[PDB]
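Peer 1: Sending over a structure as structure tokens; questions will come in a sec.
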Ligand SMILES: [Ca+2]
Ligand SMILES: [Ca+2]
């Protein structure tokens with residue numbers, strides 16, 4: 001779903017690095033996959049994908065499936081990984097990650 005925004009090479013290496021359960025770190029994934037250097041238009045396309053439906057937010061259960069947006073058969077994040085990722089992104093603490101949070105998080 002990221003064809004045209006992120007290259008396959010980086011996506012391959014990013015998934016590879018966080019292979020073992022609990023090895024995931026969103027900041028490392030962002031950097032390796034090439035997200036932090038993308039335009040505002042691509043960063044919003046990325047949000048629309050990860051957020052799945054049209055609730056306008058990345059709900060926790062959606063976050064858990066973060067890696068699958070890149071590779072269909074990727075593993076789901078662990079409860080631990082999901083919580084760490086959510087905690088760092090959910091600035092307003094409403095339990096989910098909205099667009100502003102996403103934009104900001106990608107800039108941190
Ligand atoms: Ca959603
Ligand atoms: Ca939030």
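Header says: X-ray crystallography, 2.0 Å.
Even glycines carry a Cβ here, placed using N, Cα and C.
Grabbed the feature section from Swiss-Prot, which reads as follows:
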MOD_RES   1  N-acetylalanine
BINDING   90, 92, 94, 96, 101  Ca(2+) 2 binding site
Peer 1: Tell me which of the binding-site residues 90, 92, 94 sits in the most Cβ-dense spot, judged by other Cβ atoms within 10 Å.
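Peer 2: Result for the most crowded candidate: 90.
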Peer 1: Among the recorded positions 1, 101, point out the residue whose Cβ has the most other Cβ atoms within 10 Å, with all shown protein chains included in the count.
Peer 2: 101
Peer 1: Nearest by CA distance to the residue listed as 'N-acetylalanine': which of the binding-site residues is it, out of 90, 92, 94?
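Peer 2: Nearest listed residue in space: 90.
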